[PDB]
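For what it's worth, the deposited numbering labels the leading residue of the sequence shown as 1, then goes sequentially.
All C-beta atoms, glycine included, are put in the ideal place defined by N, C-alpha and C.
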Amino acid sequence: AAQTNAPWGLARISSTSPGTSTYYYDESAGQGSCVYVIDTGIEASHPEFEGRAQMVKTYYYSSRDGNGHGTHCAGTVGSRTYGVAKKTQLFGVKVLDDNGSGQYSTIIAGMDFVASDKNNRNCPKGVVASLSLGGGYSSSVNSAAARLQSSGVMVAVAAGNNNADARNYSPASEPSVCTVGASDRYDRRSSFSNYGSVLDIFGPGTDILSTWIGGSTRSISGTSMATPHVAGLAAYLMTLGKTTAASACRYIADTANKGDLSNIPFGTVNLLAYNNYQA
Ligand SMILES: [Ca+2]
Ligand SMILES: [Ca+2]
């Protein structure tokens, strides 16, 4: 399948080179997989989700995304026009308030919730969790991310936007999950992207068009935007049977575009998420 005039980030993950505008992907498109978006919520009624999104848990007064961030990330995972895995099932868990903030205890509870809730869902091709959030180092937050991964969920987390070593941020610094940095459309490390030895992979993160609340769209930037590209790619690859939740991060790194990025500090991987599609 081919989506013409795609957002640059989708085109980038299906090409060996920057500057293309078509997103090439297998028609299966993540069908049968499930992705939990752990964030500010998801505007499930947005036409772009085609009935494939639902809120399953909130830690606040409402399950509504009053911010937009969660809806944007969910759109990059699996919206029709802006998504990597266009037929996946999306589950929203609202651990962040409408200002985009949340206590660590709530974020931990949300991770533990997904590890249990997945046992009540029909996700034959597997389960992914996308965490476009983080803050200062916390061994408890790292431990929760490790538990979620251990339970059989592919966990993708944002490296953070401090232009610093991700070792000082959580859950970015948990080795066992998939920690995602951001790049721009000219294959440069995004100027804000964290780096360091704990990064596993880069994905498109600067000027990313996706869904927004009020049935709208907008373009924003961050490692928050790169993370759902990798989460969606994992769901896509698991549906194709190429990898499993336990090994998806490794498989993505193994099959990545290597050495394409500039402004990568020594000691940080030079690997860019790639779907290796061939018609
Ligand atoms: Ca290349
Ligand atoms: Ca890792």
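Please classify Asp254: is it buried, with 16 or more other beta-carbons within 10 angstroms of its beta-carbon, or exposed?
exposed
Can you tell me which of the three DSSP states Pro228 falls into?
helix
Is the CB-CB distance between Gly70 and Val37 below 8 Å?
yes
Three-state secondary structure (DSSP) at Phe49?
helix
On the DSSP bridge assignment, give the partners of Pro204 in chain order.
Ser183
Below 7 Å, is the gap between the Cβ of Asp254 and the nearest heavy atom of ligand 2?
No, ligand 2 has no heavy atom inside 7 Å of this Cβ.
Using only alpha-carbon positions, find the residue among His72, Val93 and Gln89 that is nearest to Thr58.
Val93
Please state the DSSP three-state secondary structure of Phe91.
strand
Ligand 1 heavy atoms versus the CB of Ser17: any closer than 7 Å?
yes
Ends of the beta strand (DSSP E) at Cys34?
The continuous beta strand (DSSP E) containing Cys34 extends over residues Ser33 to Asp39.
Below 8 Å between beta carbons: does that hold for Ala159 and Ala166?
Their beta carbons are under 8 Å apart, which means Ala159 touches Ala166 by this criterion.
Under a three-way DSSP split, which group does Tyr277 fall into?
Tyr277: coil per DSSP, three-state reduction.
Considering only the alpha carbon of each residue, which of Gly41, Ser183, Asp200 and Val180 lies closest to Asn99?
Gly41
For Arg80, which three-state DSSP category applies?
coil
Considering only their Cβ atoms, is the gap separating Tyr195 from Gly181 smaller than 8 Å?
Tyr195 sits close to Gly181, with the two beta carbons spaced by under 8 Å.
Sort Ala1, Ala11 and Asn5 by Cα distance to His229 and report the nearest one.
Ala11
Quick one: measure Cβ to Cβ for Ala172 and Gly134, integer angstroms, because I've assumed they're closer than 8 Å.
For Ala172 against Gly134, the beta-carbon gap comes to about 5 Å, under 8 Å, which counts as contact.
For ligand 2, I want to know if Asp200 counts as a neighbour, meaning its beta carbon is within less than 7 Å of at least one of the ligand's heavy atoms.
It does: the Cβ of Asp200 is within 7 Å (strictly closer) of some heavy atom of ligand 2.
Count the other C-beta atoms from every protein chain shown that fall within 10 angstroms of the C-beta of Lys258, then say buried if there are 16 or more, exposed otherwise.
exposed
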